[PDB]
Amino acid sequence: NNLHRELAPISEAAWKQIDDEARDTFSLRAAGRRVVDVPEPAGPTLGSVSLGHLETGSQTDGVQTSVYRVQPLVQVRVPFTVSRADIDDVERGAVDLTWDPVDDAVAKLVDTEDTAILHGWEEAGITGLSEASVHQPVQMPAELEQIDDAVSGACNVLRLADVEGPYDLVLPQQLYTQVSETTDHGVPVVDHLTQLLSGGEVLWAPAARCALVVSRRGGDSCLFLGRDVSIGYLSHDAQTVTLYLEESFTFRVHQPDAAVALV
Amino acid sequence: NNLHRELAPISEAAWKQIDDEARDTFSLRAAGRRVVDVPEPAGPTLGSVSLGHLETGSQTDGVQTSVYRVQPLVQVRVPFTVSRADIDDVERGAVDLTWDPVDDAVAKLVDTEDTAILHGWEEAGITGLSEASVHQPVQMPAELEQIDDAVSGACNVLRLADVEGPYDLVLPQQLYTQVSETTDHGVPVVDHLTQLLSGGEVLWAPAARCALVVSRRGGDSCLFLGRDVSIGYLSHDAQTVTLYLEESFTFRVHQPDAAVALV
Amino acid sequence: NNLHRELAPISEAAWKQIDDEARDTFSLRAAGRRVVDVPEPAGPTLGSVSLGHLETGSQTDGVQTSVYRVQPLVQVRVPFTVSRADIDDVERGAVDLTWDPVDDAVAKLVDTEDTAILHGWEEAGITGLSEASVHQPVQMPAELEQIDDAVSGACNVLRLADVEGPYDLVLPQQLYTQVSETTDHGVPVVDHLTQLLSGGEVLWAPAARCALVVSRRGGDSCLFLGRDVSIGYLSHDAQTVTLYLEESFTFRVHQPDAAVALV
């Protein structure tokens, strides 16, 4: 493979613990991955995803020159380092062992993935839900005792646009803490918002830094990925091993009417 | 298929004659197709061909953002029209029948294909041999009694660059007529040029409008095509049928040292 | 093996492309390898080739002390470096990929091999054809319009020495360019030389820097090699891999009458 893990000085048992540490944390942290449908990964050789056609400028001499449009995939590699003594301890069955570097790498990777999915990157050509939306942003009240007003406004905007199915709400953890100081510790406000969302859930996204409402009916956007996050190898030292988390992905919004930003 | 030929008012026998008229003429006229190697066609869904990677501008937060590079394919559609009475005559076994419109369409399509392959298009992103070459152009003498000097100069330039195998010469038909008025009707000059080319042939390309020398060792450039030239259907009239010649292709020069332009 | 390729971070597909790049270029560049017969390689453990005996100085006490003579083999290692991203691209089927470092390493290795075979090294004990010859050098004319005179002189020298079979001519590429500016682009002079060589060919050797004529009858000299040129491994970096081209060889001229130098 291109992730030469056989050439790494890490034992098989420690490989299992590294991979498991990488999986659980990624599933927990991933928020935008749960609001955008993701087709099964193509594999390394995907390269790009084919969009529609496009007439060139000059179709002269009675010929046609429809040029194809393609969106190339981006690859995100996050290197991290693990000590050789820590990896060695897993064979003597050390119990107090921890994998903080893997968690840090997962946090970095998921942060950049979610920022691109929810908002956009504009450097790889990816445009997120919060930027492709055609609806005007729903201004949120400053008090936070009336966020239900903004949620209802977004729900009304989607309803009068033929958006169907449960509306999901994505917020930041900062707004989470700000809501835990409202009335009965934000239990009543959150309950009211859960009713307004037409059966949808409220998702707290640590990686997100913007609020938006997205329909969960599916088919409005897709996440095309060639390689799920994977642990590779770069080099090793006398007392250190260097790995990386590798993932190739790209986000395409087909129907920009299903998402409205709250800001 | 996407070339709905079953919905066309042309008979099966006339389909054979149209297709054969399209094939022979294209094989004759195609010149750049014989100097650039062509892999077997991918089919409609190719979309694009994957090139190497490319580091983005800002790789911040200790992450990598290697963006893929892809060259999208171009599609060339050349519509043409054939009379219903002509198509009808093929069942009564008319002998004086002719297919001039198909030849005209083939000429138009091959002209644009060869101009892109040999020189370039710059609108679909395709760069031809004559433009990707790094060698300085070999100035041709005005007399044409010394074109052997320019050919020898190009042969020397390729030889001292480790270019190997027979060197092919591509000229225009205008230079053909200009050479038929030199000494013994250009039989001696052409013979001398055939020796200088290290066993290669001299190709007269009606579609070409520039002179160049290209090595035939292979592997220096490739022609990626999804759909070979094919006859489709658009509509029919009370006494007319409209078809088109469709071909999706793209040219990539890997080693620009194997071609030198003479101008 | 001693070329630990299993410990290299290069993929199997990229191994094939590296090896093929190393083979083709070496076969093209190798010139002295085509004029000196080469027995099938002994393998690593050859060490040396056994020559005849040699009486020591003092054979006292009515004893004999015939000491053996052996020529030890030399080993030529040429390291080169390849980027990890380039090797990685071969799995995504990148088409614009190139292997310039392998070509540079092959050129360096073949240059030193051919200089030793044709002329000599004098540091590994190897003596080449151009230095073991007993015939006086055939002075070449400065005009190059009379190189046929020197070739005929060498042919006469070999003929009156019982040298048999086709005489091959090895020249430098500098003389090649100098000959392409003589009469009809050196086509006539080269043709005349081809006749003088008694059916032998004219070989242009980029690695060679001296002119000589060698009989191709065979058996006059041999090239003893233990390991054909092979790609090994030294180390790898976070974004780089270091390999080398390894070849152990030695040249012995048995009959110095079959080669004459032109200088």
# chains A, B, ... in the order shown; residues from 1 in each chain; ligands from 1
$ interface_residues --of "chain C" --to "chain B" --cutoff "10 Å" --atoms "only C-alpha atoms" --output "PyMOL selection string"
chain C and resi 25+28-29+85-86+88-90+92-98+173-174+176-177+180-181+184-187+206
$ write_last_selection --atoms "C-alpha atoms" --output "PDB file, in the first residue's frame"
ATOM      1  CA  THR C  25      18.571   3.754 -20.357  1.00  0.00           C
ATOM      2  CA  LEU C  28      20.873   2.464 -24.844  1.00  0.00           C
ATOM      3  CA  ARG C  29      23.891   4.144 -23.318  1.00  0.00           C
ATOM      4  CA  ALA C  85       5.377  12.129  -3.393  1.00  0.00           C
ATOM      5  CA  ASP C  86       6.487  11.052  -6.923  1.00  0.00           C
ATOM      6  CA  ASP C  88       3.154   7.836  -4.124  1.00  0.00           C
ATOM      7  CA  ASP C  89       1.575   9.305  -7.339  1.00  0.00           C
ATOM      8  CA  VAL C  90       2.093   5.950  -9.225  1.00  0.00           C
ATOM      9  CA  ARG C  92      -3.251   7.171  -8.228  1.00  0.00           C
ATOM     10  CA  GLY C  93      -2.068   6.486 -11.791  1.00  0.00           C
ATOM     11  CA  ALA C  94      -0.406   9.839 -12.387  1.00  0.00           C
ATOM     12  CA  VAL C  95       0.448  10.085 -16.091  1.00  0.00           C
ATOM     13  CA  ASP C  96       2.853  13.051 -16.150  1.00  0.00           C
ATOM     14  CA  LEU C  97       5.320  11.201 -13.928  1.00  0.00           C
ATOM     15  CA  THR C  98       9.026  11.176 -14.749  1.00  0.00           C
ATOM     16  CA  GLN C 173      29.100  12.025 -30.379  1.00  0.00           C
ATOM     17  CA  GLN C 174      31.265  15.172 -30.809  1.00  0.00           C
ATOM     18  CA  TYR C 176      29.064  12.738 -34.832  1.00  0.00           C
ATOM     19  CA  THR C 177      28.047  16.439 -34.852  1.00  0.00           C
ATOM     20  CA  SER C 180      26.873  16.144 -39.914  1.00  0.00           C
ATOM     21  CA  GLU C 181      28.476  19.307 -41.420  1.00  0.00           C
ATOM     22  CA  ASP C 184      25.458  15.748 -47.788  1.00  0.00           C
ATOM     23  CA  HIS C 185      25.141  15.871 -43.942  1.00  0.00           C
ATOM     24  CA  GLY C 186      27.757  13.086 -43.506  1.00  0.00           C
ATOM     25  CA  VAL C 187      25.443  10.502 -45.183  1.00  0.00           C
ATOM     26  CA  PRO C 206      28.191   9.052 -25.733  1.00  0.00           C
TER      27      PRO C 206
END
$ select_by_dssp --residues "stretch 75-186 of chain C" --states "strand (DSSP E or B)" --output "PyMOL selection string"
chain C and resi 75-83+120+127+138+167-171
$ select_by_dssp --residues "stretch 150-252 of chain A" --states "alpha helix (DSSP H)" --output "JSON, numbers by chain"
{"A": [150, 151, 152, 153, 154, 155, 156, 157, 158, 159, 173, 174, 175, 176, 177, 178, 179, 187, 188, 189, 190, 191, 192, 193, 194, 195, 196]}
$ closest_residue --among "C:171, C:14, C:231, C:74" --to "residue C:213" --atoms "only C-alpha atoms"
C:171
